[PDB]
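With PDB, C-alpha atoms and all ligand atoms inside, this is protein-v3.pdb:
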```pdb
ATOM      1  CA  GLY A   1       0.000   0.000   0.000  1.00  0.00           C
ATOM      2  CA  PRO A   2       1.271   3.500   0.954  1.00  0.00           C
ATOM      3  CA  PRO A   3       4.941   4.250   1.838  1.00  0.00           C
ATOM      4  CA  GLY A   4       6.117   4.154   5.462  1.00  0.00           C
ATOM      5  CA  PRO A   5       7.151   7.064   7.735  1.00  0.00           C
ATOM      6  CA  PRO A   6      10.371   9.098   7.126  1.00  0.00           C
ATOM      7  CA  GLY A   7      13.661   7.880   8.630  1.00  0.00           C
ATOM      8  CA  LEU A   8      15.314   9.331  11.730  1.00  0.00           C
ATOM      9  CA  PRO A   9      17.659  12.361  11.357  1.00  0.00           C
ATOM     10  CA  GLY A  10      21.436  11.817  11.531  1.00  0.00           C
ATOM     11  CA  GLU A  11      23.951  12.723  14.246  1.00  0.00           C
ATOM     12  CA  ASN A  12      25.712  16.054  14.951  1.00  0.00           C
ATOM     13  CA  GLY A  13      28.384  17.059  12.423  1.00  0.00           C
ATOM     14  CA  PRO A  14      32.175  17.182  13.031  1.00  0.00           C
ATOM     15  CA  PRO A  15      33.854  20.138  14.874  1.00  0.00           C
ATOM     16  CA  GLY A  16      34.887  23.172  12.804  1.00  0.00           C
ATOM     17  CA  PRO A  17      38.511  24.025  11.899  1.00  0.00           C
ATOM     18  CA  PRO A  18      40.772  26.463  13.870  1.00  0.00           C
ATOM     19  CA  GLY A  19      40.294  30.158  13.135  1.00  0.00           C
ATOM     20  CA  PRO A  20      42.843  32.589  11.570  1.00  0.00           C
ATOM     21  CA  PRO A  21      45.756  33.046  14.087  1.00  0.00           C
TER      22      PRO A  21
ATOM     23  CA  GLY B   1      -3.397  -1.059   1.655  1.00  0.00           C
ATOM     24  CA  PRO B   2      -0.872  -1.775   4.476  1.00  0.00           C
ATOM     25  CA  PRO B   3       1.716   1.044   4.974  1.00  0.00           C
ATOM     26  CA  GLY B   4       5.444   0.376   4.553  1.00  0.00           C
ATOM     27  CA  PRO B   5       8.269   0.441   7.139  1.00  0.00           C
ATOM     28  CA  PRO B   6      10.332   3.508   8.281  1.00  0.00           C
ATOM     29  CA  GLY B   7      12.659   4.993   5.654  1.00  0.00           C
ATOM     30  CA  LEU B   8      16.457   5.163   5.667  1.00  0.00           C
ATOM     31  CA  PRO B   9      18.058   7.263   8.463  1.00  0.00           C
ATOM     32  CA  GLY B  10      19.894  10.556   7.916  1.00  0.00           C
ATOM     33  CA  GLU B  11      23.660  10.913   7.501  1.00  0.00           C
ATOM     34  CA  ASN B  12      26.003  12.788   9.873  1.00  0.00           C
ATOM     35  CA  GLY B  13      25.704  16.563   9.963  1.00  0.00           C
ATOM     36  CA  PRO B  14      27.968  19.035   8.125  1.00  0.00           C
ATOM     37  CA  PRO B  15      31.289  20.308   9.635  1.00  0.00           C
ATOM     38  CA  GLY B  16      31.078  23.268  12.007  1.00  0.00           C
ATOM     39  CA  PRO B  17      32.071  26.829  10.992  1.00  0.00           C
ATOM     40  CA  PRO B  18      35.701  28.092  11.285  1.00  0.00           C
ATOM     41  CA  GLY B  19      36.755  29.561  14.639  1.00  0.00           C
ATOM     42  CA  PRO B  20      37.303  33.298  15.335  1.00  0.00           C
ATOM     43  CA  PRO B  21      40.644  35.189  14.860  1.00  0.00           C
TER      44      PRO B  21
ATOM     45  CA  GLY C   1       4.019  -1.043   1.329  1.00  0.00           C
ATOM     46  CA  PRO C   2       7.386   0.475   0.294  1.00  0.00           C
ATOM     47  CA  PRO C   3       9.873   2.014   2.818  1.00  0.00           C
ATOM     48  CA  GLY C   4       9.408   5.695   3.696  1.00  0.00           C
ATOM     49  CA  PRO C   5      11.602   8.619   2.537  1.00  0.00           C
ATOM     50  CA  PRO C   6      15.169   9.134   3.896  1.00  0.00           C
ATOM     51  CA  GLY C   7      15.587  11.084   7.160  1.00  0.00           C
ATOM     52  CA  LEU C   8      17.061  14.575   7.423  1.00  0.00           C
ATOM     53  CA  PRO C   9      20.860  15.072   7.791  1.00  0.00           C
ATOM     54  CA  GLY C  10      22.382  15.694  11.210  1.00  0.00           C
ATOM     55  CA  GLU C  11      22.744  19.096  12.869  1.00  0.00           C
ATOM     56  CA  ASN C  12      25.648  21.452  12.081  1.00  0.00           C
ATOM     57  CA  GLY C  13      28.814  20.693  14.044  1.00  0.00           C
ATOM     58  CA  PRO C  14      30.248  23.009  16.739  1.00  0.00           C
ATOM     59  CA  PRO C  15      32.372  26.084  15.767  1.00  0.00           C
ATOM     60  CA  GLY C  16      36.146  25.608  15.622  1.00  0.00           C
ATOM     61  CA  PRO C  17      38.684  26.924  18.181  1.00  0.00           C
ATOM     62  CA  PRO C  18      39.911  30.580  18.117  1.00  0.00           C
ATOM     63  CA  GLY C  19      43.141  31.247  16.172  1.00  0.00           C
ATOM     64  CA  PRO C  20      46.016  31.677  18.734  1.00  0.00           C
ATOM     65  CA  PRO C  21      47.419  35.249  18.253  1.00  0.00           C
TER      66      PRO C  21
ATOM     67  CA  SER D   1      47.148 -23.655  19.903  1.00  0.00           C
ATOM     68  CA  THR D   2      45.512 -21.683  17.036  1.00  0.00           C
ATOM     69  CA  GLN D   3      43.156 -19.859  19.449  1.00  0.00           C
ATOM     70  CA  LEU D   4      42.919 -16.097  19.927  1.00  0.00           C
ATOM     71  CA  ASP D   5      40.815 -13.419  21.650  1.00  0.00           C
ATOM     72  CA  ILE D   6      38.865 -11.481  18.978  1.00  0.00           C
ATOM     73  CA  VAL D   7      36.287  -8.735  19.584  1.00  0.00           C
ATOM     74  CA  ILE D   8      34.106  -7.020  16.971  1.00  0.00           C
ATOM     75  CA  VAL D   9      32.533  -3.667  17.904  1.00  0.00           C
ATOM     76  CA  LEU D  10      29.741  -2.460  15.587  1.00  0.00           C
ATOM     77  CA  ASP D  11      27.566   0.677  15.528  1.00  0.00           C
ATOM     78  CA  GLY D  12      23.923   0.870  14.443  1.00  0.00           C
ATOM     79  CA  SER D  13      23.304   4.589  14.745  1.00  0.00           C
ATOM     80  CA  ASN D  14      21.542   6.945  12.315  1.00  0.00           C
ATOM     81  CA  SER D  15      24.808   7.261  10.320  1.00  0.00           C
ATOM     82  CA  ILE D  16      24.507   3.525   9.544  1.00  0.00           C
ATOM     83  CA  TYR D  17      22.068   2.142   6.979  1.00  0.00           C
ATOM     84  CA  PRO D  18      20.141  -1.234   6.994  1.00  0.00           C
ATOM     85  CA  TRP D  19      21.709  -3.710   9.463  1.00  0.00           C
ATOM     86  CA  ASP D  20      21.612  -6.357   6.675  1.00  0.00           C
ATOM     87  CA  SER D  21      24.796  -4.718   5.285  1.00  0.00           C
ATOM     88  CA  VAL D  22      26.985  -5.250   8.387  1.00  0.00           C
ATOM     89  CA  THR D  23      25.426  -8.689   9.117  1.00  0.00           C
ATOM     90  CA  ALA D  24      26.376  -9.744   5.564  1.00  0.00           C
ATOM     91  CA  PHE D  25      29.930  -8.433   6.109  1.00  0.00           C
ATOM     92  CA  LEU D  26      30.101 -10.233   9.489  1.00  0.00           C
ATOM     93  CA  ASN D  27      28.628 -13.323   7.773  1.00  0.00           C
ATOM     94  CA  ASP D  28      31.507 -13.415   5.282  1.00  0.00           C
ATOM     95  CA  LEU D  29      33.993 -12.660   8.096  1.00  0.00           C
ATOM     96  CA  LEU D  30      32.796 -15.510  10.347  1.00  0.00           C
ATOM     97  CA  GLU D  31      32.500 -17.853   7.326  1.00  0.00           C
ATOM     98  CA  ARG D  32      36.212 -17.381   6.510  1.00  0.00           C
ATOM     99  CA  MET D  33      37.137 -17.539  10.235  1.00  0.00           C
ATOM    100  CA  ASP D  34      38.319 -20.960  11.444  1.00  0.00           C
ATOM    101  CA  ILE D  35      36.118 -21.210  14.555  1.00  0.00           C
ATOM    102  CA  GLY D  36      36.812 -24.726  15.721  1.00  0.00           C
ATOM    103  CA  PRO D  37      35.837 -26.526  18.972  1.00  0.00           C
ATOM    104  CA  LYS D  38      38.344 -24.379  20.977  1.00  0.00           C
ATOM    105  CA  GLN D  39      39.903 -21.894  18.532  1.00  0.00           C
ATOM    106  CA  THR D  40      39.137 -18.369  17.251  1.00  0.00           C
ATOM    107  CA  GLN D  41      36.837 -16.822  19.876  1.00  0.00           C
ATOM    108  CA  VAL D  42      34.937 -13.837  18.453  1.00  0.00           C
ATOM    109  CA  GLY D  43      32.749 -11.584  20.611  1.00  0.00           C
ATOM    110  CA  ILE D  44      30.254  -9.218  19.005  1.00  0.00           C
ATOM    111  CA  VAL D  45      29.589  -5.932  20.803  1.00  0.00           C
ATOM    112  CA  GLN D  46      27.297  -3.104  19.700  1.00  0.00           C
ATOM    113  CA  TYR D  47      27.787   0.580  20.589  1.00  0.00           C
ATOM    114  CA  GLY D  48      26.258   3.992  20.049  1.00  0.00           C
ATOM    115  CA  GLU D  49      24.538   5.949  22.834  1.00  0.00           C
ATOM    116  CA  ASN D  50      25.905   3.227  25.163  1.00  0.00           C
ATOM    117  CA  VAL D  51      27.678  -0.142  24.842  1.00  0.00           C
ATOM    118  CA  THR D  52      25.407  -3.194  24.818  1.00  0.00           C
ATOM    119  CA  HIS D  53      26.574  -6.809  25.181  1.00  0.00           C
ATOM    120  CA  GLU D  54      24.429  -9.692  23.927  1.00  0.00           C
ATOM    121  CA  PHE D  55      26.999 -12.531  23.785  1.00  0.00           C
ATOM    122  CA  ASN D  56      30.261 -13.331  25.573  1.00  0.00           C
ATOM    123  CA  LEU D  57      33.623 -14.312  24.020  1.00  0.00           C
ATOM    124  CA  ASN D  58      33.592 -17.964  25.217  1.00  0.00           C
ATOM    125  CA  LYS D  59      29.814 -18.395  24.860  1.00  0.00           C
ATOM    126  CA  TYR D  60      30.253 -20.481  21.676  1.00  0.00           C
ATOM    127  CA  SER D  61      32.627 -23.025  20.143  1.00  0.00           C
ATOM    128  CA  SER D  62      31.692 -23.178  16.432  1.00  0.00           C
ATOM    129  CA  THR D  63      31.510 -20.946  13.344  1.00  0.00           C
ATOM    130  CA  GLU D  64      27.760 -21.561  13.155  1.00  0.00           C
ATOM    131  CA  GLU D  65      27.193 -20.361  16.746  1.00  0.00           C
ATOM    132  CA  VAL D  66      29.215 -17.136  16.288  1.00  0.00           C
ATOM    133  CA  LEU D  67      27.640 -16.552  12.846  1.00  0.00           C
ATOM    134  CA  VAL D  68      24.127 -16.849  14.313  1.00  0.00           C
ATOM    135  CA  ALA D  69      25.168 -14.667  17.276  1.00  0.00           C
ATOM    136  CA  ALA D  70      26.544 -11.995  14.899  1.00  0.00           C
ATOM    137  CA  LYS D  71      23.255 -11.734  12.953  1.00  0.00           C
ATOM    138  CA  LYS D  72      21.237 -12.113  16.187  1.00  0.00           C
ATOM    139  CA  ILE D  73      22.677  -8.892  17.660  1.00  0.00           C
ATOM    140  CA  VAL D  74      20.678  -6.336  15.685  1.00  0.00           C
ATOM    141  CA  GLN D  75      20.873  -2.680  16.647  1.00  0.00           C
ATOM    142  CA  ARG D  76      17.546  -0.894  16.121  1.00  0.00           C
ATOM    143  CA  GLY D  77      19.193   2.539  16.445  1.00  0.00           C
ATOM    144  CA  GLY D  78      21.763   4.703  18.190  1.00  0.00           C
ATOM    145  CA  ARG D  79      21.546   8.392  19.176  1.00  0.00           C
ATOM    146  CA  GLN D  80      25.217   8.929  18.319  1.00  0.00           C
ATOM    147  CA  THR D  81      28.396   7.053  17.448  1.00  0.00           C
ATOM    148  CA  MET D  82      31.275   7.222  19.906  1.00  0.00           C
ATOM    149  CA  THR D  83      34.211   5.382  18.302  1.00  0.00           C
ATOM    150  CA  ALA D  84      36.440   6.192  21.311  1.00  0.00           C
ATOM    151  CA  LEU D  85      33.964   4.518  23.700  1.00  0.00           C
ATOM    152  CA  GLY D  86      33.814   1.423  21.450  1.00  0.00           C
ATOM    153  CA  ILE D  87      37.599   0.851  21.681  1.00  0.00           C
ATOM    154  CA  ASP D  88      37.623   1.686  25.434  1.00  0.00           C
ATOM    155  CA  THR D  89      34.736  -0.597  26.407  1.00  0.00           C
ATOM    156  CA  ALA D  90      36.052  -3.420  24.189  1.00  0.00           C
ATOM    157  CA  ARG D  91      39.561  -3.718  25.710  1.00  0.00           C
ATOM    158  CA  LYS D  92      38.189  -3.661  29.284  1.00  0.00           C
ATOM    159  CA  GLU D  93      34.545  -4.859  29.332  1.00  0.00           C
ATOM    160  CA  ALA D  94      34.886  -7.280  26.355  1.00  0.00           C
ATOM    161  CA  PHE D  95      38.484  -8.477  26.942  1.00  0.00           C
ATOM    162  CA  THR D  96      37.724  -9.415  30.540  1.00  0.00           C
ATOM    163  CA  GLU D  97      38.068 -13.013  31.808  1.00  0.00           C
ATOM    164  CA  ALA D  98      34.530 -12.984  33.293  1.00  0.00           C
ATOM    165  CA  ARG D  99      33.221 -12.164  29.772  1.00  0.00           C
ATOM    166  CA  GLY D 100      34.903 -15.288  28.322  1.00  0.00           C
ATOM    167  CA  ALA D 101      38.288 -13.766  27.391  1.00  0.00           C
ATOM    168  CA  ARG D 102      41.328 -16.050  27.674  1.00  0.00           C
ATOM    169  CA  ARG D 103      44.646 -15.343  29.440  1.00  0.00           C
ATOM    170  CA  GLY D 104      45.499 -12.795  26.694  1.00  0.00           C
ATOM    171  CA  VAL D 105      46.320 -14.828  23.575  1.00  0.00           C
ATOM    172  CA  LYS D 106      46.384 -12.482  20.534  1.00  0.00           C
ATOM    173  CA  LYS D 107      44.082  -9.566  21.411  1.00  0.00           C
ATOM    174  CA  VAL D 108      42.329  -8.725  18.124  1.00  0.00           C
ATOM    175  CA  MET D 109      40.060  -5.670  18.063  1.00  0.00           C
ATOM    176  CA  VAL D 110      37.913  -5.099  14.966  1.00  0.00           C
ATOM    177  CA  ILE D 111      35.785  -1.912  14.970  1.00  0.00           C
ATOM    178  CA  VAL D 112      33.579  -0.295  12.315  1.00  0.00           C
ATOM    179  CA  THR D 113      33.087   3.476  11.794  1.00  0.00           C
ATOM    180  CA  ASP D 114      31.582   5.926   9.278  1.00  0.00           C
ATOM    181  CA  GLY D 115      33.404   9.167  10.234  1.00  0.00           C
ATOM    182  CA  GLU D 116      32.203  11.003  13.345  1.00  0.00           C
ATOM    183  CA  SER D 117      35.214  11.576  15.647  1.00  0.00           C
ATOM    184  CA  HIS D 118      33.874  14.375  17.877  1.00  0.00           C
ATOM    185  CA  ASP D 119      36.740  13.852  20.352  1.00  0.00           C
ATOM    186  CA  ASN D 120      40.184  12.704  19.233  1.00  0.00           C
ATOM    187  CA  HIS D 121      41.508  12.859  22.835  1.00  0.00           C
ATOM    188  CA  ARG D 122      39.646   9.804  24.186  1.00  0.00           C
ATOM    189  CA  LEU D 123      40.496   7.641  21.140  1.00  0.00           C
ATOM    190  CA  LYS D 124      44.194   8.646  21.258  1.00  0.00           C
ATOM    191  CA  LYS D 125      44.406   7.627  24.913  1.00  0.00           C
ATOM    192  CA  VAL D 126      42.885   4.202  24.176  1.00  0.00           C
ATOM    193  CA  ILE D 127      45.138   3.933  21.097  1.00  0.00           C
ATOM    194  CA  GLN D 128      48.366   4.589  23.050  1.00  0.00           C
ATOM    195  CA  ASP D 129      47.149   2.091  25.697  1.00  0.00           C
ATOM    196  CA  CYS D 130      46.479  -0.725  23.201  1.00  0.00           C
ATOM    197  CA  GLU D 131      49.705   0.244  21.357  1.00  0.00           C
ATOM    198  CA  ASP D 132      51.781  -0.326  24.525  1.00  0.00           C
ATOM    199  CA  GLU D 133      49.888  -3.585  25.165  1.00  0.00           C
ATOM    200  CA  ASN D 134      50.577  -4.487  21.450  1.00  0.00           C
ATOM    201  CA  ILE D 135      46.939  -5.199  20.618  1.00  0.00           C
ATOM    202  CA  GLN D 136      46.093  -6.002  16.993  1.00  0.00           C
ATOM    203  CA  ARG D 137      43.629  -3.230  16.072  1.00  0.00           C
ATOM    204  CA  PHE D 138      41.633  -3.265  12.822  1.00  0.00           C
ATOM    205  CA  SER D 139      39.364  -0.417  11.729  1.00  0.00           C
ATOM    206  CA  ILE D 140      36.756  -0.966   8.998  1.00  0.00           C
ATOM    207  CA  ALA D 141      35.004   1.915   7.246  1.00  0.00           C
ATOM    208  CA  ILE D 142      31.406   1.618   6.060  1.00  0.00           C
ATOM    209  CA  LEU D 143      30.144   3.786   3.200  1.00  0.00           C
ATOM    210  CA  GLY D 144      26.401   4.468   3.333  1.00  0.00           C
ATOM    211  CA  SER D 145      25.908   8.230   2.928  1.00  0.00           C
ATOM    212  CA  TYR D 146      24.678   7.948  -0.735  1.00  0.00           C
ATOM    213  CA  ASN D 147      27.351  10.505  -1.807  1.00  0.00           C
ATOM    214  CA  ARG D 148      25.743  13.421  -3.725  1.00  0.00           C
ATOM    215  CA  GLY D 149      29.074  14.281  -5.401  1.00  0.00           C
ATOM    216  CA  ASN D 150      32.823  14.366  -4.737  1.00  0.00           C
ATOM    217  CA  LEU D 151      32.634  15.714  -1.180  1.00  0.00           C
ATOM    218  CA  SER D 152      35.941  13.871  -0.484  1.00  0.00           C
ATOM    219  CA  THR D 153      34.847  11.094   1.906  1.00  0.00           C
ATOM    220  CA  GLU D 154      38.605  10.425   2.338  1.00  0.00           C
ATOM    221  CA  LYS D 155      38.821  13.643   4.415  1.00  0.00           C
ATOM    222  CA  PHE D 156      35.908  12.431   6.572  1.00  0.00           C
ATOM    223  CA  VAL D 157      37.249   8.952   7.471  1.00  0.00           C
ATOM    224  CA  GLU D 158      40.928  10.118   7.578  1.00  0.00           C
ATOM    225  CA  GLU D 159      40.537  10.928  11.296  1.00  0.00           C
ATOM    226  CA  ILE D 160      39.942   7.240  12.077  1.00  0.00           C
ATOM    227  CA  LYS D 161      42.514   5.799   9.616  1.00  0.00           C
ATOM    228  CA  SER D 162      45.205   7.919  11.357  1.00  0.00           C
ATOM    229  CA  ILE D 163      44.512   5.932  14.613  1.00  0.00           C
ATOM    230  CA  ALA D 164      47.095   3.374  13.491  1.00  0.00           C
ATOM    231  CA  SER D 165      50.613   4.602  12.719  1.00  0.00           C
ATOM    232  CA  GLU D 166      51.368   1.179  11.155  1.00  0.00           C
ATOM    233  CA  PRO D 167      50.571   0.445   7.423  1.00  0.00           C
ATOM    234  CA  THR D 168      46.894   1.142   6.652  1.00  0.00           C
ATOM    235  CA  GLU D 169      46.888  -1.855   4.249  1.00  0.00           C
ATOM    236  CA  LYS D 170      46.921  -4.111   7.346  1.00  0.00           C
ATOM    237  CA  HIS D 171      44.759  -1.940   9.658  1.00  0.00           C
ATOM    238  CA  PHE D 172      42.203   0.041   7.672  1.00  0.00           C
ATOM    239  CA  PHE D 173      39.678  -1.824   5.534  1.00  0.00           C
ATOM    240  CA  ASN D 174      36.317  -1.328   3.803  1.00  0.00           C
ATOM    241  CA  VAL D 175      32.981  -3.156   4.208  1.00  0.00           C
ATOM    242  CA  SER D 176      32.800  -3.693   0.422  1.00  0.00           C
ATOM    243  CA  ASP D 177      36.240  -5.420   0.460  1.00  0.00           C
ATOM    244  CA  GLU D 178      36.220  -9.192   1.062  1.00  0.00           C
ATOM    245  CA  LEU D 179      40.023  -9.377   0.485  1.00  0.00           C
ATOM    246  CA  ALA D 180      40.307  -7.063   3.474  1.00  0.00           C
ATOM    247  CA  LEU D 181      38.918  -9.853   5.691  1.00  0.00           C
ATOM    248  CA  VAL D 182      41.413 -12.307   4.139  1.00  0.00           C
ATOM    249  CA  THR D 183      44.209  -9.782   4.838  1.00  0.00           C
ATOM    250  CA  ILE D 184      43.135  -9.737   8.523  1.00  0.00           C
ATOM    251  CA  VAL D 185      43.308 -13.551   8.941  1.00  0.00           C
ATOM    252  CA  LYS D 186      46.579 -13.965   6.991  1.00  0.00           C
ATOM    253  CA  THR D 187      48.286 -11.340   9.181  1.00  0.00           C
ATOM    254  CA  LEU D 188      46.528 -12.670  12.336  1.00  0.00           C
ATOM    255  CA  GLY D 189      48.504 -15.891  11.756  1.00  0.00           C
ATOM    256  CA  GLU D 190      51.565 -14.024  13.117  1.00  0.00           C
ATOM    257  CA  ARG D 191      52.091 -13.144  16.800  1.00  0.00           C
ATOM    258  CA  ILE D 192      51.440  -9.429  16.051  1.00  0.00           C
TER     259      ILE D 192
HETATM  260 MG    MG A 201      26.514   7.328  13.945  1.00  0.00          MG
END
```
Have the structure of the file written as structure tokens, please.
Ligand SMILES: [Mg+2]
Amino acid sequence: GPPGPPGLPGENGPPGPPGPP
Amino acid sequence: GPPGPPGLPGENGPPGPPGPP
Amino acid sequence: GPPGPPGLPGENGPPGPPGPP
Amino acid sequence: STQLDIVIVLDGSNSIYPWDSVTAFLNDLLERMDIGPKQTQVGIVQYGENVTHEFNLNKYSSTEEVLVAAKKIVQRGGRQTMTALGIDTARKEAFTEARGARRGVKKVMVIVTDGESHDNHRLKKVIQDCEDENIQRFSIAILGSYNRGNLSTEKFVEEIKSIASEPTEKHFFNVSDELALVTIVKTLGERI
């Protein structure tokens, strides 16, 4: 019949890079 | 009609923004 | 029925460290 | 005595797709593994938001038992993936005598990852620990992000492949590589 419910969202992304020193 | 199962999960999030100067 | 749509991507990662002056 | 202490740590978080993929990879792994009446003890551990244990290391004595156990441990989901906790909890809570580990005969640690190292400090501490204790560590990468273009997945998994300072050809493998599993066993024949 009809399609199922949407999947679960992913996990938090990786940390950002160091700023301009 | 019988509904389908849950969809595929989400991928990991995008990298964080660059740090401050 | 068929599997549901893919889940949303993960949340944006944390900001990077400050550039050591 | 061709016996050895092997642990496999898998993740079933949101970054991982249909568990049929890893169970098929584990299927082919256990199939090639020579799990006799008293040799090749493999423990399957699942991680994510916590570390769950379904079977013990010396809970079986046959390829068929470990193969069934591997596909029996199905992860329905995980809030996050903590690679560093997988390595940590495996060398202590899986490689413990009360959990069926031997007297320390060839400590083999096989872990899967997708690329989510939120803390390199914890994993580096466990790495230096297992490096001093000369544990045979193997890291497998699973690709299941669809890939909507050349986003350079190499720069995403690089963080985990750098865990081992030794040749990546004998430490870092892929889920879609069956020769990788053969490479593990052939090099596991040695004492290190
Ligand atoms: Mg994950």
What's around residue D:128 at 12 Å? Count only C-alpha atoms, leave out sequence neighbours fewer than 3 positions away in its own chain, and write the answer as an mmCIF file with C-alpha atoms, in the frame of the given file.
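Listing of result.cif after writing:
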```cif
data_model
loop_
_atom_site.group_PDB
_atom_site.id
_atom_site.type_symbol
_atom_site.label_atom_id
_atom_site.label_comp_id
_atom_site.auth_asym_id
_atom_site.auth_seq_id
_atom_site.Cartn_x
_atom_site.Cartn_y
_atom_site.Cartn_z
ATOM 1 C CA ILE D 87 37.599 0.851 21.681
ATOM 2 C CA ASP D 88 37.623 1.686 25.434
ATOM 3 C CA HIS D 121 41.508 12.859 22.835
ATOM 4 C CA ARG D 122 39.646 9.804 24.186
ATOM 5 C CA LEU D 123 40.496 7.641 21.140
ATOM 6 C CA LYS D 124 44.194 8.646 21.258
ATOM 7 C CA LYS D 125 44.406 7.627 24.913
ATOM 8 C CA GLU D 131 49.705 0.244 21.357
ATOM 9 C CA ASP D 132 51.781 -0.326 24.525
ATOM 10 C CA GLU D 133 49.888 -3.585 25.165
ATOM 11 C CA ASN D 134 50.577 -4.487 21.450
ATOM 12 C CA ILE D 135 46.939 -5.199 20.618
ATOM 13 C CA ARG D 137 43.629 -3.230 16.072
ATOM 14 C CA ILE D 163 44.512 5.932 14.613
ATOM 15 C CA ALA D 164 47.095 3.374 13.491
ATOM 16 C CA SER D 165 50.613 4.602 12.719
#
```
Compile the contact shell of residue B:1 as a short mmCIF file (atom, residue, chain, number, x, y, z; two decimals) with C-alpha atoms, in the coordinates of the input: residues with an atom at most 9 Å away, counting all atoms listed in the file, same-chain residues fewer than 4 positions apart removed.
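What follows is the written file result-v6.cif:
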```
data_model
loop_
_atom_site.label_atom_id
_atom_site.label_comp_id
_atom_site.auth_asym_id
_atom_site.auth_seq_id
_atom_site.Cartn_x
_atom_site.Cartn_y
_atom_site.Cartn_z
CA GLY A 1 0.00 0.00 0.00
CA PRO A 2 1.27 3.50 0.95
CA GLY C 1 4.02 -1.04 1.33
#
```
Return the neighbours of chain C among the residues of chain D, cut-off 12 Å, counting all atoms listed in the file, as a VMD selection string.
chain D and resid 13 to 18 79 to 80 116 to 119 145 to 146
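Between chain C and its sequence-identical counterpart chain A, the C-alpha RMSD after optimal superposition is 1.5 Å.
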Expanded to explicit residues, what is the PyMOL selection byres (((chain D and resi 4) around 9) and not hetatm) for this file, as a ChimeraX atom specification?
/D:1-3,5-6,39-42,102,104-108
Shell around residue D:27 at 9 Å using only C-alpha atoms, local window under 4 positions removed, as a PyMOL selection string:
chain D and resi 22-23+31-32+67-68+70-71
Could the residues in this selection be written to a file with C-alpha atoms, as a JSON list (two decimals), in the frame of the given file?
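Below you can see result.json, which holds the result:
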```
[["chain", "number", "residue", "atom", "x", "y", "z"],
["D", 22, "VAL", "CA", 26.98, -5.25, 8.39],
["D", 23, "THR", "CA", 25.43, -8.69, 9.12],
["D", 31, "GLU", "CA", 32.50, -17.85, 7.33],
["D", 32, "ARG", "CA", 36.21, -17.38, 6.51],
["D", 67, "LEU", "CA", 27.64, -16.55, 12.85],
["D", 68, "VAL", "CA", 24.13, -16.85, 14.31],
["D", 70, "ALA", "CA", 26.54, -12.00, 14.90],
["D", 71, "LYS", "CA", 23.26, -11.73, 12.95]]
```
Picked residues, the PyMOL selection byres (((chain D and resi 26) around 12) and not hetatm), expected as a JSON list (two decimals) with C-alpha atoms, in the coordinates of the input:
```
[["chain", "number", "residue", "atom", "x", "y", "z"],
["D", 7, "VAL", "CA", 36.29, -8.74, 19.58],
["D", 8, "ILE", "CA", 34.11, -7.02, 16.97],
["D", 9, "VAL", "CA", 32.53, -3.67, 17.90],
["D", 10, "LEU", "CA", 29.74, -2.46, 15.59],
["D", 19, "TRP", "CA", 21.71, -3.71, 9.46],
["D", 20, "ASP", "CA", 21.61, -6.36, 6.68],
["D", 21, "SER", "CA", 24.80, -4.72, 5.28],
["D", 22, "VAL", "CA", 26.98, -5.25, 8.39],
["D", 23, "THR", "CA", 25.43, -8.69, 9.12],
["D", 24, "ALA", "CA", 26.38, -9.74, 5.56],
["D", 25, "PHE", "CA", 29.93, -8.43, 6.11],
["D", 27, "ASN", "CA", 28.63, -13.32, 7.77],
["D", 28, "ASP", "CA", 31.51, -13.42, 5.28],
["D", 29, "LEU", "CA", 33.99, -12.66, 8.10],
["D", 30, "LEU", "CA", 32.80, -15.51, 10.35],
["D", 31, "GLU", "CA", 32.50, -17.85, 7.33],
["D", 32, "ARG", "CA", 36.21, -17.38, 6.51],
["D", 33, "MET", "CA", 37.14, -17.54, 10.24],
["D", 42, "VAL", "CA", 34.94, -13.84, 18.45],
["D", 43, "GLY", "CA", 32.75, -11.58, 20.61],
["D", 44, "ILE", "CA", 30.25, -9.22, 19.00],
["D", 63, "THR", "CA", 31.51, -20.95, 13.34],
["D", 66, "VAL", "CA", 29.22, -17.14, 16.29],
["D", 67, "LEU", "CA", 27.64, -16.55, 12.85],
["D", 68, "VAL", "CA", 24.13, -16.85, 14.31],
["D", 69, "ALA", "CA", 25.17, -14.67, 17.28],
["D", 70, "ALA", "CA", 26.54, -12.00, 14.90],
["D", 71, "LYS", "CA", 23.26, -11.73, 12.95],
["D", 72, "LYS", "CA", 21.24, -12.11, 16.19],
["D", 73, "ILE", "CA", 22.68, -8.89, 17.66],
["D", 74, "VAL", "CA", 20.68, -6.34, 15.68],
["D", 110, "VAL", "CA", 37.91, -5.10, 14.97],
["D", 111, "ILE", "CA", 35.78, -1.91, 14.97],
["D", 112, "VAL", "CA", 33.58, -0.30, 12.32],
["D", 140, "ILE", "CA", 36.76, -0.97, 9.00],
["D", 175, "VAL", "CA", 32.98, -3.16, 4.21],
["D", 176, "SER", "CA", 32.80, -3.69, 0.42],
["D", 177, "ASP", "CA", 36.24, -5.42, 0.46],
["D", 178, "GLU", "CA", 36.22, -9.19, 1.06],
["D", 181, "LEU", "CA", 38.92, -9.85, 5.69]]
```
Could you state the separation of atom CA of residue D:36 and atom CA of residue D:61 in Å, given to one decimal place?
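Answer for the atom CA of residue D:36 to atom CA of residue D:61 separation: 6.3 Å.
With atom CA of residue D:172 on one side and atom CA of residue D:92 on the other, the separation reads 22.3 Å.
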So, counting only C-alpha atoms and all ligand atoms, which residue among D:190, D:114, D:64, D:93 is closest to ligand MG 201 (chain A)?
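Comparing D:190, D:114, D:64, D:93 against ligand MG 201 (chain A), the winner is D:114.
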Just how far from atom CA of residue D:168 is atom CA of residue D:138, in Å to one decimal?
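A separation of 9.2 Å between them.
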Selection result for the PyMOL selection byres (((chain D and resi 170) around 9) and not hetatm) on this file, as an MDAnalysis selection string:
chainID D and resid 138 166:169 171:173 180 183:184 187
